[PDB]
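A short write-up of the structure that comes next.
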Amino acid sequence: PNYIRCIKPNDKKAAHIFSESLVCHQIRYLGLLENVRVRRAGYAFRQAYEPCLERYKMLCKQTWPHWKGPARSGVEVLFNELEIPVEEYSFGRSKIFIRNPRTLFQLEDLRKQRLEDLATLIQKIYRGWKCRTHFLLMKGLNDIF
Amino acid sequence: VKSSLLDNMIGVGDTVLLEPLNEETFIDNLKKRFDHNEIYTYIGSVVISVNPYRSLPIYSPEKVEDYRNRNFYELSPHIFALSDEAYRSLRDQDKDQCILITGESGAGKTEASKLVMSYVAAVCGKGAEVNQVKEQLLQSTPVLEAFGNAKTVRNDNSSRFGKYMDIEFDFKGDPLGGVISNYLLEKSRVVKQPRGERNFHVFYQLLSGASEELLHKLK
Amino acid sequence: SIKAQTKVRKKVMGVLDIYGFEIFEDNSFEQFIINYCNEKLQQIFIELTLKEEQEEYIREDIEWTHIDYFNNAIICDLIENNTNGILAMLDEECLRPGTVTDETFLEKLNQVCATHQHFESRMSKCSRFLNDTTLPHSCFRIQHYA
Amino acid sequence: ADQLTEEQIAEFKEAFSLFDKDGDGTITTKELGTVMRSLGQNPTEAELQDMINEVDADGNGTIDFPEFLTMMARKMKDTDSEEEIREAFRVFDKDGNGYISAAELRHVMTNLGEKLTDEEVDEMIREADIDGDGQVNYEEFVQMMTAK
Ligand SMILES: Nc1ncnc2c1ncn2[C@@H]1O[C@H](COP(=O)(O)OP(=O)(O)O)[C@@H](O)[C@H]1O
Ligand SMILES: [Mg+2]
């Protein structure tokens, strides 16, 4: 069973008109809330080790810059260096497990700021490469400035 | 693959990740995502669609190749990721699949079944032998919805029976066919309409659409 | 036209275009069958998904804990059961001789479904919805998941 | 530091005299890090404001040359690694195969970091891939920028 819910927003067959009450009726009818509970269990979220270390290798200074294999060992020292409590997550053989989703909000926030730090790390080397190009052209033109 | 669901996210793309869980914040989520014109939101591995009543360019064949054999969680929510997870669970792991599509009449179920049929007929790559089956189902849909569907109190047209479609493949991937299977015909609507409702459409199309020699022929 | 004539071994992906759950202003037997098959779909759906999660956590040697949710299998039984289910009682009322009205069927449902938790009618014998003024006579309630 | 010998100070004096267009032996704040990025040390703008605010208690940004040599002595071997820059471009990959879509990269470079201007990111797309279009490869591009 793979499964598709369909939600009707209005009765006027319009495009931009949204009604909260009709959709609320259809949330109750279809049972979206009871669909949450079976995937909302004791661990509410999970990943695999390889796109987790691909995902958060920049939050761990041991994995930075590359990479580091094995994936469970780098993910383990990732959660060790970030010192998230051991109650909040769990290790498996082939899956990492996240109990509460607020940790997943926090880690994506910190990753989102490290993207900005990577943009700074790029832009200083690019602009200094332009200044190195200009000083490289002007340096070979004169014996002394 | 490093890309995830959490990039390009308006609101939250999953109800599982929703803090405090009620009806009201979920209405906030659907109103935010629908007003920002993102109409798909998951519950675990469950698609939620909201009908926008108009065309969006997420069904272009260029957009199909964005989704093909990318994993389920790796990208923004859309109906093709479920059919890709089912198609990879069938193709690589040999597990027969079925997609149950439920919701309000007018909420976009039949169209979604058409889009899953078109997506599978695209990604199998078997040409006219799968496009004969697809053409058969797509050109057979207004027939079945003319016979077995009728007006209710709430809607102008409503699914009064379950359409089913078998999509049958070889081990090699060659299309062996498919079977429409009807379920649960509301029979007493034929003989007794409720107040404000309507009997099945083929009688009204038969009386209103025919010529006078056909009505005098059918007595 | 499109069915294979050969009996060869095959694979299948099916799609099921079927209604959602319905609440009208006036609900009758057709809506009772419609809501019943909705109860069956929710039952088999949440049950198979529960087995899927227990399989994913039994692979990784992760201890499953029980989580509380609505059980459809009490509801479906209330309609399905061959000895006191509502379809069995209406099948009996269409079969049993004598004066068969709608009132006698509702009184039979008040007789053989009183000690059920999820059955709700005003003239039920164990009723805590007797003084519930919002329940008209010649009607009854079923505690569906919606 | 210890600090610097006469050879490296006289090496710094050449770019320092290149951006001394008036011939006064000092320059202002907004052209101050252009010498350091011209000579290859490459500090950020934010820590450049930290170095200017470190020695100035007045707030006008008048910088003397021996403190300027101390700023250059703190950032002499602080140049960042090539593989770290390479991975920093590997994060912004679209599919994990060695390219970036050009419009998303133009949106990142003008909204994160020290905010490259309009002509600099349009220059960056063409320096990254002159053949075009809408998709830039960066395997040769980082090897060209990290070489001194
Ligand atoms: N995913 C979708 N994208 C675009 N339009 C849709 C979509 N789903 C439904 N519609 C619109 O809804 C109408 C029919 O929807 P349908 O699938 O018949 O709903 P239902 O199955 O609930 O009766 C069509 O005119 C179509 O334009
Ligand atoms: Mg339909």
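Sequence positions for chain B are given in Swiss-Prot numbering; the residues included correspond to 6-224, in order.
Including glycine, each Cβ sits where the backbone N, Cα and C put it.
According to Swiss-Prot:
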type	residues	note
BINDING	B:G108, B:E109, B:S110, B:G111, B:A112, B:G113, B:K114, B:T115	ATP binding site
MOD_RES	B:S60	phosphoserine
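Projection of Swiss-Prot feature records onto the structure.
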{"residue": "B:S60", "record": "phosphoserine", "DSSP (3 states)": "coil"}
{"residue": "B:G108", "record": "ATP binding site", "DSSP (3 states)": "strand"}
{"residue": "B:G113", "record": "ATP binding site", "DSSP (3 states)": "coil"}
Chain C neighbours, restricted to the recorded positions B:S60, B:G108, B:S110, B:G111, B:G113, B:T115, by C-beta under 8 angstroms: B:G108, B:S110, B:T115
Candidates near ligand 2 among the recorded positions B:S60, B:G108, B:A112, B:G113, B:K114, B:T115, judged by a Cβ under 6 angstroms: B:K114, B:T115
Distance, the residue listed as 'phosphoserine' to B:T115 (ATP binding site) (CA atoms, angstrom): 15
Those residues of the chain, 6+ apart, with a Cβ under 8 Å from that of B:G111 (ATP binding site): B:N56, B:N160, B:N162
Whole-number Å value for how far B:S60 (phosphoserine) lies from B:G113 (ATP binding site) (Cα to Cα): 12
Rounded inter-Cα distance in Å - B:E109 (ATP binding site), the residue listed as 'phosphoserine': 20
Count of other CB atoms lying within 10 Å of the CB belonging to B:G113 (ATP binding site): 24
Number of other Cβ atoms within 10 Å of the Cβ of B:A112 (ATP binding site) across all protein chains: 25
Rounded distance in angstrom between the Cα atoms of B:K114 (ATP binding site) and B:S60 (phosphoserine): 15
CB contacts for B:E109 (ATP binding site) [other CB atoms within 10 A, all chains]: 27
Cβ-Cβ neighbours of the residue listed as 'phosphoserine' (radius 10 Å): 7
